[PDB]
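Participant: Could you have a look at this structure, given as structure tokens, before my questions?
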Amino acid sequence: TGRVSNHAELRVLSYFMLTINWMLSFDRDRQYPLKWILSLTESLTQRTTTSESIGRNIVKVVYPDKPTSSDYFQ
DNA sequence: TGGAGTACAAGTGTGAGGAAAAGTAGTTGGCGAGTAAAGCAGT
């Protein structure tokens with residue numbers, strides 16, 4: 001395994017990682033307020049029963065290595 | 001002005017760890033009554 005991370009779909013996600021910090025930490029424009037971030041993660045960390053979410057709940061089950069895999073108690 | 005490198009960032013040389021079903025163990029258990037005669041002992 002060459003440690004260049006030359007996979008194409010792998011590198012799209014880092015572009016989605018570095019953007020979401022830069023567009024929020026350096027915001028002189030005060031268009032993205034802090035209280036909306038306080039209404040994002042509080043509304044995102046919230047379970048629901050759609051079939052995408054139910055199907056996502058199966059995916060947490062199958063992987064045993066990492067934490068946030070014994071998430072079934074909640 | 002221009003070099004000692006020392007750093008992170010690129011590389012390639014060196015054997016093994018984890019996966020699993022069928023097949024293979026040591027171990028119990030669960031079988032198939034008469035009426036007659038002659039013989040040689042007997043003494």
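Participant: For chain A, compute the orientation-averaged projected area of the C-alpha convex hull (one quarter of its surface), in nm².
Facilitator: With the hull built on Cα positions only, its mean projection is 7.9 nm².
Participant: Something else now. Are there trypsin sites (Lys or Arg not before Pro) in segment A:1-36 that DSSP marks as loop and that have at most 10 other Cβ atoms within 10 Å, and which are they?
Facilitator: A:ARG3, A:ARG28, A:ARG30
Participant: In chain A, which chymotrypsin sites (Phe, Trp or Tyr not before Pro) are in a loop and have at most 11 other Cβ atoms within 10 Å, using DSSP for the loop call?
Facilitator: Here the sparse-neighbourhood loop sites are A:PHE26, A:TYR72, A:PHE73.
Participant: Please list, by residue number, everything in segment A:1-26 whose backbone N is under 13 Å from a paramagnetic label point 7 Å out along Cα→Cβ of A:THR45.
Facilitator: none
Participant: At 222 nm, what helix-only mean residue ellipticity would chain A give, in deg cm²/dmol to the nearest 500, using -39500 (n - 2.57) for each DSSP H run of four or more?
Facilitator: After summing the helix terms and dividing by residue count, I get -15000 deg cm²/dmol.
Participant: Next question, about the same structure. Got a sec to turn the phi values of segment A:9-19 into Karplus ³J(HN,Hα) couplings, 6.51 cos²θ - 1.76 cosθ + 1.60 with θ = phi - 60°, whole Hz, x for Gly and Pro?
Facilitator: 5, 4, 7, 5, 6, 5, 5, 7, 7, 6, 6
Every residue, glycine as well, gets a Cβ built from its backbone with ideal geometry; the counts of neighbours run over all protein chains shown. Where a number appears in this text, it was derived from the coordinates with a stated rule and is not lab data.
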